[PDB]
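Each residue of the sequence shown is one higher than the last, beginning at 1 in the authors' numbering. For each residue, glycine too, the CB sits at the ideal point set by N, CA and C. What follows is a short report on a single structure.
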Amino acid sequence: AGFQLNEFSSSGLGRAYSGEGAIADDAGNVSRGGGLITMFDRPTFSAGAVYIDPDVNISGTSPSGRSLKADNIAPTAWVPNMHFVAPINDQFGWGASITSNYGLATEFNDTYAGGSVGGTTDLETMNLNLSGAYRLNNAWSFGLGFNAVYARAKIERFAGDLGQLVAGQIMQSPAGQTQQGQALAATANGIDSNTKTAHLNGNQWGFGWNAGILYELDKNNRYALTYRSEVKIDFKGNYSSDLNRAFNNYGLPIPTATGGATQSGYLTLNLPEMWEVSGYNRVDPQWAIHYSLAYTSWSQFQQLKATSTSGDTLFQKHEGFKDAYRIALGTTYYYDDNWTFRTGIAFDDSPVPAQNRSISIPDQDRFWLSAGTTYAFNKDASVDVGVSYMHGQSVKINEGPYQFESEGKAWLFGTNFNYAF
Ligand SMILES: CCCCCCCCCCCC[N+](C)(C)[O-]
Ligand SMILES: CCCCCCCCCCCC[N+](C)(C)[O-]
C-alpha cells in the first residue's frame, strides 16, 4: 500500500505478514504488536534483513516522439530489522526494535523525456521503537510505545523532451515568424534533456507513539488490535533548480528555478497512521493458521509541498491518496523440534486513485504469495528464511503531458537469526 514497508521480519515474510501481532514466538514481531511482549519469558533477540528485488516498468510514447519506455526503476532494497523484547516481571516487560516501515525506489535515467516527472526519488526511513506492556489479568495485555523515526530523502527531476515540444510549438505558431519567439525557441531548445529541473534533499527526525491490545482465548489462540500514529517529519533541507531565474513567476507548471543555486527549503512528509486487527490459531499441535486485516489511513498523505525561507512555494505536487485495506491469511507447519514451515496469501488496494497515479510512485493493488521455513538449532537459537512474490495488474498513468503505462512485479529474500537467554 503506497510506500509503507511491511518487511520488518523474515520470520514473518514467510507468512506474507498475515496476523503479525498475535503470533509472538521468535520475538521480532513484538513491534507492530506491542501487546505481545507480555508473552515472553526470556529476553529474546532476533535480527536480520529482507532483500527486495522489484521489477517495475514504465511504458509509452510522448507527444515529442521519443519513447517513455523506462525498463527498470525500483532498485533492489536492503531494509534490515532487529528486535529485542525483554520481560521485566510477570505483569510488565519492555521491548525495542529497529525497523523501516516506509520508503521507496524510482530511478529513471537523468535523461528520458518525461524526466520532467521521473528524475529520482529516495526515502529511507528507520523507525526506532521502544515499547513496554502491562498484562492486567491472565488474558489481557496492553502495550504502549514511543517511536523515533529518522529519514533521509532526495528528489531530483529534469527537463525531459519538454524543451523540444515547447520550442516546437513555438515554431509553428505566428511567433515562429517573430524575432522574439525565434530566439525564445532557441533558448527553449537549450534546456538539455539532462538539465536538473528540480532538487530537494534532506535529513530529519520525527517522533510518534503507538499502542496495541492483546487478548488470548487460551494459550494457543489470540487476537489483536494495533495502532501506529502518523509521523509528521518537518524537513529543513535544500532546494535548487538549474533553470534560469527567468522562467519563474509565469504561473506555469515548471518548479521555481534558482539559477542552479541552493535555497533553504522546508517541507513536511506525513508518514500515515495505521490500525490492524489480527488473529492466531494453533488448530492442531503441528498446524496453526493466522488472519490479519490492516488500515493505513493514507488520507493523511495529501501532498509534497516544499516552501522557502520567505514562505513561497518552491516545488509542489498533488498526491491526494485515500485510505486502503490490506488483507492477509497464512499458516504454519511445525514438522518437528527442529523444522518449522509457513505459507501466505496477502492482498491490498493501492492508496493512490488512478486520477493521481504517477511514474514517481507507480502503485497498484499488490498481491502477495509467500512461504518460508525456520530451522531451530537448539531450543535457544534458530534461523528464519522465506521468499515472497508480489505481482500486480499493470495500470495506466496520466502525468503532465505524458501518457504512461506501468507494470509491477517483485521478489523477496528473508533471513533472520534469533537467540534466547
Ligand atoms: C532503510 C532501508 C530503506 C530501503 C529503501 C527501500 C525501497 C523500496 C522500494 C519501494 C519502491 C516501489 N514502489 C512501487 C512502491 O514505489
Ligand atoms: C527536502 C527533501 C524533500 C524530499 C522528502 C519527500 C520524499 C517524498 C517521497 C514519497 C513521495 C514522492 N513523490 C512522488 C511525491 O515525489
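Rounded Cβ spacing between residue i and residue j (contact assumed at less than 8 angstroms)
i           : j           : result
residue 158 : residue 197 : 5 angstroms
residue 331 : residue 340 : With 8 angstroms as the limit, residue 331 and residue 340 do not qualify as a contact, their Cβ atoms being about 12 angstroms apart.
residue 231 : residue 208 : 4 angstroms
residue 416 : residue 97  : Rounded, the Cβ-Cβ distance is 13 angstroms, inconsistent with contact.
residue 355 : residue 393 : The Cβ separation is near 17 angstroms, so there is no contact.
residue 190 : residue 160 : 14 angstroms between Cβ atoms; not a contact.
residue 193 : residue 111 : 5 angstroms
residue 246 : residue 227 : With 8 angstroms as the limit, residue 246 and residue 227 do not qualify as a contact, their Cβ atoms being about 50 angstroms apart.
residue 291 : residue 31  : Incorrect: roughly 19 angstroms between the Cβ atoms, too far for contact.
residue 33  : residue 418 : That pair is no contact at about 16 angstroms.
residue 151 : residue 167 : Their Cβ separation, rounded to whole angstroms, is 39 angstroms, which puts residue 151 and residue 167 out of contact at 8 angstroms.
residue 235 : residue 259 : Between residue 259 and residue 235 the Cβ distance is about 23 angstroms, and since that is not below 8 angstroms, they are no contact.
CB contact flag (residue i, residue j, <9 angstroms)
i           : j           : result
residue 474 : residue 125 : Only positions 1 to 421 of the chain appear in the structure, and residue 474 is not among them; the question remains open.
residue 350 : residue 2   : yes
residue 14  : residue 326 : no
residue 239 : residue 306 : yes
residue 287 : residue 16  : no
residue 267 : residue 301 : no
residue 76  : residue 8   : no
residue 243 : residue 195 : yes
residue 387 : residue 370 : yes
residue 79  : residue 50  : yes
residue 304 : residue 269 : yes
residue 322 : residue 352 : yes
residue 141 : residue 213 : yes
residue 337 : residue 376 : yes
residue 500 : residue 127 : Residue coverage of the chain in this structure runs from 1 to 421, which leaves residue 500 outside it and unanswerable.
residue 163 : residue 173 : no
residue 131 : residue 143 : yes
residue 200 : residue 108 : no
residue 308 : residue 374 : no
residue 403 : residue 178 : no
Closest Cα partner of residue i within the set the options
i           : options               : result
residue 106 : 97, 156, 99 and 148   : 156
residue 216 : 51, 123 and 278       : 278
residue 421 : 91, 390 and 381       : 381
residue 295 : 347, 26 and 141       : 347
residue 153 : 122, 171, 252 and 33  : 122
residue 229 : 290, 273 and 406      : 273
residue 220 : 236, 283 and 254      : 283
residue 329 : 280, 262 and 318      : 280
residue 5   : 218, 248, 366 and 178 : 366
residue 299 : 320, 404, 308 and 309 : 320
residue 241 : 249, 262, 224 and 225 : 262
residue 42  : 179, 345, 379 and 390 : 379
residue 414 : 250, 169, 405 and 389 : 389
residue 334 : 169, 250 and 285      : 285
residue 222 : 372, 405, 289 and 406 : 289
residue 91  : 129, 139, 276 and 324 : 139
residue 372 : 72, 344 and 395       : 344
residue 63  : 275, 74 and 169       : 169
The segment 40 to 55 / the segment 406 to 418 touching (three or more Cβ pairs under 8 angstroms): yes
Segment contact, 8 angstroms Cβ cut-off, at least three pairs: the segment 357 to 365 with the segment 390 to 403: yes
Validate contact between the segment 38 to 49 and the segment 78 to 94 using beta carbons, cut 8 angstroms, 3 pairs: At 8 angstroms Cβ cutoff, the stretches touch.
Residues passing the C-beta test against ligand 1 heavy atoms, cut-off 7 angstroms: 3, 5, 52, 54, 56, 74, 77, 78, 79, 100, 103, 104, 105, 106, 124, 125, 126, 361, 362, 363 and 408
Touching by the beta-carbon criterion (3+ pairs, under 8 angstroms), the segment 199 to 215 and the segment 145 to 155: yes
The segment 61 to 70 touching the segment 15 to 30, judged by at least three CB pairs closer than 8 angstroms: The segment 61 to 70 makes no contact with the segment 15 to 30: fewer than 3 CB pairs, one atom from each, lie closer than 8 angstroms.
Meets three-Cβ-pair contact criterion under 8 angstroms: the segment 25 to 41 and the segment 126 to 140: yes
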